[PDB]
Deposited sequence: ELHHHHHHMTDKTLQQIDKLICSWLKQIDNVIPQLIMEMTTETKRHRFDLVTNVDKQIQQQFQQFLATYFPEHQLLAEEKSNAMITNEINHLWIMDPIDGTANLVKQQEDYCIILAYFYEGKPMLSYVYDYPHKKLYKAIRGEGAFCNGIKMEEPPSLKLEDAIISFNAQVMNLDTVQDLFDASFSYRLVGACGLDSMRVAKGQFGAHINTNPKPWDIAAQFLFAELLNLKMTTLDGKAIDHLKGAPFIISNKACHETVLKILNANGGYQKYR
């Protein structure tokens, strides 16, 4: 079976030939029309058959038996749907490859800004092919944090605002997560991801020495997904502590 060099080589070429499906979808002058891509999912289903006949794909509808597959791809063809629909910007393609359950390749493609982030085990992380280094230490009071504030209880919201440097939000799990990997954000939180919302993220967190865990501090199952944090190492513990304090982060009423 194939080398990561050969797989990545073929993946990068495939992504670069989806500039032939979005311009058209950016149409939407009649969504929903976004649900149907999905074309993207199915076209990548074709790429696997053509190239990697034993590889399987986990994506939004439909899968089915998930453990234990040798060669597994997990995809969000469009992460940041509201952004694509409302903004035509700040959305991305997420792809991740797992071998015997080990993350081997990850991609986050910021198609609107022409930025491909890639993670390769054995080589490192890259953005348009220039090597990403471990971000510098970020304490919570020195960092910008990103989360959905409409979905947490007000007191937990207040406390995050007070303990952080600032708050921002891009609105695509994949992009808010790259801002963490890049040192731009100290942490990103998602209170209800699907496995494809965070699958690429594991290898970047590993290769760039980030913490990526559940909100209870535990290791995440890539096949199932969980309320999740990706964080700079110097502010991981403090964010979790704010989230879990005074009976937790969940919003009621």
What stretches of this chain's deposited sequence are missing C-alpha coordinates? 1-10, 41-48, 83-84
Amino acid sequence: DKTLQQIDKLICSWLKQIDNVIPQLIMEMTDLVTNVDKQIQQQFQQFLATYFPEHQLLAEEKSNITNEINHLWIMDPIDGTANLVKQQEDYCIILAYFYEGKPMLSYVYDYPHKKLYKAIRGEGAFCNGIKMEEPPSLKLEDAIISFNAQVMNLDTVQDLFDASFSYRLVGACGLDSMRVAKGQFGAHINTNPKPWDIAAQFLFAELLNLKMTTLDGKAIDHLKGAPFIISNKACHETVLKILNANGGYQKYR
From here on, numbers count along this sequence of modelled residues.
Do the CA atoms of 140-148 or those of 91-99 have the higher mean B-factor in the entry? 91-99
Average Cα temperature factor in the PDB entry - higher stretch of 120-128, 168-176: 120-128
Peak C-alpha temperature factor (PDB record), options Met212, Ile198, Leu48, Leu207: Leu48
Candidate residues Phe52, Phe228, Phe185, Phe202, the one whose C-alpha B factor the record puts highest: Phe52
Place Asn232 in the lowest, middle or highest third of its chain's C-alpha B-factors, as listed in the PDB entry. lowest
Third of the chain, ranked by Cα B-factor, where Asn192 sits: middle
Can you work out whether the C-alpha temperature factor of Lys86 puts it in the lowest, middle or highest third of the chain? middle
Sort the modelled residues of this chain by their C-alpha B factor and say whether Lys114 lands in the lowest, middle or highest third. middle
